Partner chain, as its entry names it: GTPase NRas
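Just one chain is shown here, as structure tokens, and it is the form deposited without its partner chain.
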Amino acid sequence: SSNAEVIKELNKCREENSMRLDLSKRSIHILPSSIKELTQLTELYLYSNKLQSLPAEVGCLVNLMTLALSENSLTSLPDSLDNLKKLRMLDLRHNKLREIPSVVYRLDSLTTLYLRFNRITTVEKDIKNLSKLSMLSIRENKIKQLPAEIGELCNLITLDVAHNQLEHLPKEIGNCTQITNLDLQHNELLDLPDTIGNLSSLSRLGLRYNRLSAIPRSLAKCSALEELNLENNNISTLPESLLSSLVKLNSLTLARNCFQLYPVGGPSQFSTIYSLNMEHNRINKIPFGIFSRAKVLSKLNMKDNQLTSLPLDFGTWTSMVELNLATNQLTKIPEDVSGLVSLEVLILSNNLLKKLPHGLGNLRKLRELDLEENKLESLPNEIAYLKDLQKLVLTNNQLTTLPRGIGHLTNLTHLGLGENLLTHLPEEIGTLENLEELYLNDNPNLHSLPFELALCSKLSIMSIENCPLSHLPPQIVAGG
């Protein structure tokens, strides 16, 4: 920590002729100029210190291949670092850099450059000198525009320009053909250049939280695209051939968009995708046979949509494991739910369900049933055969009674019965051996509770607030 301890480590490093010097986390404000003595240094780790700048003597370390300067207070770098002709990696993350130091632009040997979490406002056109760059990270800065000279970085594999203020992308981005991972998320991007299709090797593209009104049809050429996330944009429609041309798509998120209706396209749209997320949209209906070819589709999320009904082929989604139809206007859920035999998670919150179908009993794989904010007056007697059910949330409903035999749900750990009309609770509540949480709050006429609740060995959390109840099971440690 002290300057004497630093000089010891420098004399250390010299004694064994070590190739690596790790002066990290020593709170060094000013690095000794004696660092010039150690010419054999291949790696210099100076991260997590208080360095406002670097001695020009570091430029004498000509065999330096890695300079780790993350988590400092660096505002500038000495032009003497031009002599670091072998430097491959420059880590300048978490500093106070309001611009890239001019010397960096002359270090053409750089292959990986990390500038994450700074105040960098502009990227100069001299960025073209760093053609050997394989990874360029300028995430979390204040870059409003990227120079067209970005296209001369032909060897770029990864480009992180996320969390900036980019309003457009230079069309010359298409000249970086080798880009596999491109993150443009959390910008103010209004459009994408048609030249994005020249990036034939694009495997991961981050577009969430921008101002994109549409997607260019040229994105179909990026067939290697595994996941496409368009979250939080102004996109209302998709190119007709886009989804079918992206043969490698395993997940597709159009959440927080202006989508009035499902994307228009052929059957190969959802053929290959495993996850499908359309929450917070204005979709009015799910089409018949939209998931005919979608054999691998496991998860579907239609939260906060304008769905008032479900299709006649609802039961055919046998491959559906997780299903989220919350914040919709569904008046009923048909008896054809017996078809989704593989359905594990079912979310029907914030809807208008008055009853539940008897075909729900066929759902022997169901483990999570969220029915919060509905008009449920009763439950089915076949609900007791949902032996795999672990979480049952019935908050904000009109339930006066609990079906007989509910105690056979021995795997149930969470039972949310708050804001209901329950007058009584069955003595069969005690055979719920694994019940951990029981929320009975806001039940106006819940006057008595069964002593058999004491047989719930795992019962840890209970809520009887706003109930005519002053007594608790013995296993419950109250907070009053």
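The term rigid core refers to the maximal set of C-alpha atoms that superpose within 1.5 Å between the two forms. Numbering follows the first chain given and starts at 1.
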* **Given 293-301 and 175-183, the range whose Cα B-factors average higher in the PDB entry** => 293-301
* Can you tell me which stretch has the higher mean Cα B-factor, 337-345 or 83-91? -> 337-345
* Compare the CA B factors listed in the entry for 129, 121, 309, 390 and report the winner. => 309
* Structure fact -> The residue of 99, 108, 382, 149 with the maximal C-alpha B-factor according to the PDB record is 382
* To do: Compare the C-alpha B factor of residue 415 with those of the other modelled residues in its chain, then answer lowest, middle or highest third.
  => lowest
* Asked: So where's residue 21 on the chain's Cα temperature factor ranking, which third?
  -> middle
* Comparing against every modelled residue in the chain, figure out the third that the C-alpha B-factor of residue 155 lands in (lowest, middle or highest). => lowest
* Lowest, middle or highest third: where is residue 434 by C-alpha B factor in its chain? -> middle
* Structure fact -> Chain-relative C-alpha B factor for residue 35 (record values, thirds): the highest
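Just so it is clear, the following notes concern the form deposited with its partner chain bound, a form of the same protein that is not shown.
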* Stretch from 175-183, 381-389, 101-109, 237-245 whose residues place a heavy atom within 4.5 Å of its partner chain in the deposited bound form -> 175-183
* To do: Consider the chain as shown here, without its partner, and state which of 114, 317, 270, 259 has a heavy atom within 4.5 Å of its partner chain in the deposited bound form.
  => 114
* Structure fact -> The listed residue (190, 89, 148, 376) that reaches within 4.5 Å of its partner chain in the deposited bound form by any heavy atom is 89
* Honest question, do 22, 68 and 299 all end up within 4.5 Å of its partner chain in the deposited bound form by heavy atom distance? -> yes
* To do: Tell me, yes or no, whether residue 121 is in contact with its partner chain in the deposited bound form, where a contact means a heavy atom of each within 4.5 Å.
  => no
* To do: Classify residue 134 as contacting or not contacting its partner chain in the deposited bound form by the rule of any non-hydrogen atom within 4.5 angstroms, answering yes or no.
  => yes
* **is_contact(residue 43, its partner chain) in the deposited bound form, heavy atom dist at most 4.5 Å** => yes
* With a 4.5 Å heavy atom cut-off, would you call residue 338 a contact of its partner chain in the deposited bound form? -> no
* Heavy atom contacts to its partner chain in the deposited bound form at 4.5 Å, residues of 206-229 in sequence order -> 208
* Asked: Core-aligned, does residue 18 move its Cα 2 Å or more between the shown form and the other one?
  -> yes
* For residue 467, is the C-alpha shift between the shown form and the other one 2 Å or more after core superposition? -> no
* Asked: Given a CA distance change of at least 3 Å, are residue 414 and residue 475 closer or farther in the deposited bound form?
  -> farther
